[PDB]
Structures are given as structure tokens and as C-alpha cells.
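**Student:** Here it is, the structure in full.
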Amino acid sequence: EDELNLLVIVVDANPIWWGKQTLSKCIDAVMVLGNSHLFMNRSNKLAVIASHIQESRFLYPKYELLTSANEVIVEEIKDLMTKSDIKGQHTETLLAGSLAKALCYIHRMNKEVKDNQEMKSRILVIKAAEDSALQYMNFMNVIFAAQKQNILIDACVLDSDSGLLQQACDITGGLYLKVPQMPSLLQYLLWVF
Amino acid sequence: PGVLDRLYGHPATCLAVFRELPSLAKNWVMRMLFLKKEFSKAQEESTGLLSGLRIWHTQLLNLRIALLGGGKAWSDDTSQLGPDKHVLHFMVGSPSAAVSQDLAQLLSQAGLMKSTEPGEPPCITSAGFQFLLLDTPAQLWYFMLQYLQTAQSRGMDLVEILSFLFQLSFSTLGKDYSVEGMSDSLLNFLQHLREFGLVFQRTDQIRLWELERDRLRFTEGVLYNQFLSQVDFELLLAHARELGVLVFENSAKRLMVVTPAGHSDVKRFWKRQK
Amino acid sequence: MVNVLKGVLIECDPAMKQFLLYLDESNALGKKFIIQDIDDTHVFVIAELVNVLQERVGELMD
């Protein structure tokens, strides 16, 4: 508990979730995981970001805050559901944007913490989507920044093939798991990382 | 999301199919657990339903808070279901389920205090006949029931709980027998009881396996048979001991044979009829 | 042939110890009651009550 820990969760919003058939359930599970994480230690913090087809957006920004976190997440995702970028209208997601947002937040939190002692942070991606060539430069830029920062990027691929994310974990020294049985999502989040 | 009902449905189907006789349900119920659940479940067949019932509370361990409260809402329905249902297997299921609801802390202490289920756990706990397997779930239920009460300020249940005191005779037995497993369960009851309400209440060994062997040495308790009238009555009475597997010895030239005490009576009966 | 029955204990000792029991039977005080008969070399019809004594005596004796 001595070390402050920030875990940023990037959730891939892509309509691939339709293939999943449920997003609502995925949120419920992610919420349980977050609550546990916050409960483990006082010093743990969480940030949640959505990587959508069109852009990346911040869902939320402590455990006392959890009630707030739950409401903010449910509401934020619902807004996201919009028709544009529907189904595999757009196969990819804006992970590069999400990672950029995550590193900015981690940096800001770190500076404040710098006044104090060191902070440990790691980024978790729940990835539904596929990578694209156009995406390569942007994504890698963020990935390399994280590696230099020594911030591990873990990835849980529910489905699809995001090679870049796989590369991102190896690179970053993070963990990559392609989940067989997506309904076991909760176990993977708790157990896998 | 359209997928969710389908996938989980298939396992609902599998559990339904081999629902009746054995204990298939446990592994499948767990999978089912994650993905008004209680209200809907109630219609389904009891066994397995209880299994799902048991594991789901366990599985819970924000939205989670919502889940617990939701569960609390229909704790009564399961409770009504628990009684009424009340083999060893079933019995294990009912207490395991009850125990599980108890740790959840959803159950109402009042209501529980005056209910048949609490009588039933100490009843099985009292009886010598119950097997070790029933014993462990019964014991666990009691432990969990007491665990549930983290107060006793307001807990009528911690009165009926006192029913543990009745158990001492049972522990005396059990002790008399070499049933270590039956004693350990008792100790857990005691320890847990004290815990809740504590505030309220005030080579070398080579000769030792040889010394064990000195306590075993053979002979058998036995009937001998002699002065048999003709050979056919030795051979009938002998073959009818040999199929009973209680021939210790035979000698057809003596017309003499030996039966250990446990089949004296089946021989005394065969000697009277034929 | 179910002429006669006798509750007794059947001892299935070895071809070494049996004669020892016999010796126990004779040359003994308050004994000779012990063995009903020797059915086989290995087995004897003996005692009942005496069995505790026979075993114990054998133990004490070499």
C-alpha cells in the first residue's frame, strides 16, 4: 500500500461487441474487478477510458469513489452506443488515442505524486477490434512511449486480431492473453494479470 | 448480448438433462452462476437449482453491492424453497445452500431463528448414524450461521444457536468411536460458538510397529461338527459352509469340519431344513 | 451327519509352535484341560477360555 498504484483500463467499444452478444455483462464484470482492485489497497486508483471507433473518450477521470465510478461508467457507455461506426462498419478502434489519453493522465498523476514519492502504473486494454496499417505509426508511438516510461501494457483479447497489441505487450513487458471463452472475462481480469 | 442467453442456455439445458440421479450439476452450475435470476430459477427443478443457488452467493466474492441487495430481496424465496425440499445428497444440498446464503449475510436472523432448518442441522448432528459427509456440511452450516451473526445484540438466532450445547453428547460418542473427522467438526462448532458471543460470554520406532504386532495374534471363535451319520451329510453340510465362505477347516476322512461363529446359525438352519 | 456340534476354538498355528502348546497342555498345573484334540498338525481344537492363557503363556515363554 506504500506504493500508489494507478491502473488504467481501456475498453474497446467497437461494435464487435455485437458479435459478443453481452456488453452490459462485460461492464458489470469490469465493475466488479475494479471494486476489488480498489478494495485491495488504499493507494490504488483507477482510470477508465473507452476506445471507440471514431475517437477515444474518458469514462472516468479511489475506492470510496466506487459508487461514483459505477454510475459514471454506465452513463458514459450508453452515450457511446450511437449508430455511427456500427457493426463492422469500422473494424478498428482508436487505441492510439486512448493510450495517449492514458499516458497523459498517468503523467499528470505522476507529477503530483512526484511531489511525494514514486507511483506505479499499468495500462489494461480490453480489445475487441482489429489493427490496421494506418494505425501502425500512431499506436507504436504510444506503445514506445509507455515502454520508455516502463509502463506495462496488458491486453486481454476477447476477440479479433490486434497484432499491434500483442506486440505492445511484448515490448512493454506486459501480459497478453487471447481469451478462449469470453464469458470467463471476470476470471481473466482477476487471474490473468 | 443476444449471444448471452443462447450460450448460457445450452448449459442450462445440459444441467436440466442429467438433473435427476447423481451429482453432475455442481461443475456446470458454477459456470451458469456467472453469466430476477432467483425468481426465474425457482420454477426449474429443485436439485441443481439449489446447486446454482449454492454457488451463486459464493461467486459474488459497486455493481456488486447492487447484486447483494438484489439477492437479499429474494432470500425468502430460497428460504421457502429450502424448507419443503427438506438423500444425504439432498441434505447436503440444503444446508450447503443455506450456509452459502448465510455467509452472504442476506438472510434475516429473525425468521431463521424460528425455522425447521435450524432444528434439522442439530438433529443430524445429534444422530450417530449420519455419515461423515453429511456431518461436514451440517457442521459448516452451523459455523456459517453463527458467522452470519456479527452482533448478537440483535440476533434471536443466537439463542437457537445455543443448540450446539446439545452436541456434546454426540461428541462423546464419536470420541468413543475412532471418528476423528466427527470430533474435529465438533471443535469447529465450539470454537466458532465462542468466537461469536465471546464478548458476551465471560531405528527406535522399529520396535513400536513390532509392539503393535504383539497386540494382534490369531485364533478363531468356532463350532466343530463330528459323528456325522454318512458321507452325503458331511458333503452337503460342508458345501453349504463353503458357499457361505465360513469354512475354517475340513477333513472328509474324519467326517469332521469347522465353522467360525458368524455362520453357526445359517448352518443350524440348513441342518434343520434338508 | 449333523450329529454333533461343539463350540471350540480352532487354532491354526505353525508346525513349530503347536507342539509347544501341547507341551503347555501337559507338564502343567491346572492344565491339560487346554487341548480338545489335534485335528491337523497345523490346527488344533482347543480351549475357549484357555485361549487367552495359551497365548499369554506362549508369549511369556520363549
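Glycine also receives a Cβ, built like all others from the backbone with ideal geometry; neighbour counts cover every protein chain displayed. Quick note: the coordinates plus some simple rules give every number you see, no bench work behind them.
**Student:** Residues being in contact with a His (Cβ under 6 Å, 6 or more places away or on another chain) and either of a type outside the set (F, W, Y) or surrounded by fewer than 19 Cβ atoms within 10 Å (Cβ to Cβ) (or both): count how many of those fall in the range B:121-155.
**Tutor:** 1
**Student:** Identify the single condition in (1) part of a helix (DSSP H, G or I); (2) more than 8 Å from every other protein chain (Cβ to nearest Cβ) that C:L29 does not satisfy, given that it satisfies every other one.
**Tutor:** Exception for C:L29: condition (1).
**Student:** Is it true that some residue in the range A:74-93 is closer than 20 Å to A:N35 by Cα, within 14 Å of another protein chain (Cβ to nearest Cβ) and touching a helix residue (DSSP H, G or I) at 6+ places or on another chain (Cβ under 8 Å)?
**Tutor:** yes
**Student:** Follow-up question, since we're still on this one. Taking the range A:20-45 as the search range and keeping residues that are among the aliphatic types (A, V, I, L, M) and either away from chain B (no Cβ under 14 Å) or over 23 Å from A:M81 (Cα atoms) (or both), which one is farthest from the chain's Cα centre (by Cα)?
**Tutor:** Within the range A:20-45, the match that is farthest from the chain's Cα centre (by Cα) is A:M40.
**Student:** Looking for whichever is among the β-branched types (V, I, T), part of a loop (DSSP other than H, G, I, E, B) and either at positive phi or within 12 Å of chain B (Cβ to nearest Cβ) (or both) here; the options are C:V2, C:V45. Which one fits?
**Tutor:** The unique qualifying residue is C:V2.
**Student:** Okay, next question. Mind listing whichever residues of the range A:168-180 are surrounded by fewer than 18 Cβ atoms within 10 Å (Cβ to Cβ) and under 16 Å from the mean Cα position of the chain (by Cα)?
**Tutor:** A:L175, A:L177, A:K178, A:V179
**Student:** Please verify whether B:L33 is farther than 30 Å from B:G128 by Cα and outside any helix (DSSP H, G or I), treating the condition exactly as stated.
**Tutor:** For B:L33, the condition - farther than 30 Å from B:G128 by Cα and outside any helix (DSSP H, G or I) - is not met.
**Student:** Which ones in the range B:211-235 are surrounded by 14 or more Cβ atoms within 10 Å (Cβ to Cβ) and more than 8 Å from every other protein chain (Cβ to nearest Cβ)?
**Tutor:** B:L235 - this is the single residue of the range B:211-235 that is surrounded by 14 or more Cβ atoms within 10 Å (Cβ to Cβ) and more than 8 Å from every other protein chain (Cβ to nearest Cβ).
**Student:** In addition: Does the range B:81-94 contain any residue that is among the aromatic types (F, W, Y), assigned to a helix (DSSP H, G or I) and within 14 Å of chain A (Cβ to nearest Cβ)?
**Tutor:** no
**Student:** Can you list residue pairs whose Cβ atoms sit under 7 Å apart, with the first residue in the range A:65-81 being of a type in the set (S, T, N, Q) and the second being part of a helix (DSSP H, G or I)? Count only pairs 6 or more apart in sequence or on different chains.
**Tutor:** Partner pairs satisfying both residue conditions: A:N70/A:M31; A:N70/B:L63.
**Student:** Tell me, which residue of the range B:46-82 that is of a type in the set (G, A, S) and more than 26 Å from the chain's Cα centre (by Cα) is nearest to B:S94 (Cα to Cα)?
**Tutor:** Looking at the filtered set, the residue picked out is B:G71.
**Student:** Would you check which residues across the range B:156-179 are among the hydrophobic types (A, V, I, L, M, F, W, C), loosely packed, with under 13 Cβ neighbours inside 10 Å and within 16 Å of B:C123 (Cβ to Cβ) and list them?
**Tutor:** B:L162, B:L165, B:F166, B:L168, listed by residue number.
**Student:** Within the range C:7-20, work out how many residues are surrounded by fewer than 13 Cβ atoms within 10 Å (Cβ to Cβ) and at the interface with chain B (Cβ under 8 Å from one of its Cβ atoms).
**Tutor:** Total meeting the criteria: 1.
**Student:** Looking only at the range A:13-71, filter to residues that are assigned to a loop (DSSP other than H, G, I, E, B) and among the hydroxyl-bearing types (S, T, Y); which one of those is surrounded by the fewest Cβ atoms within 10 Å (Cβ to Cβ)?
**Tutor:** Filtering first and then ranking leaves A:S43.
**Student:** Could you tell me which residue of the range A:129-166 is surrounded by the most Cβ atoms within 10 Å (Cβ to Cβ), considering only residues that are closer than 18 Å to A:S51 by Cα and of a type in the set (S, T, N, Q)?
**Tutor:** By that ranking, first place goes to A:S162.
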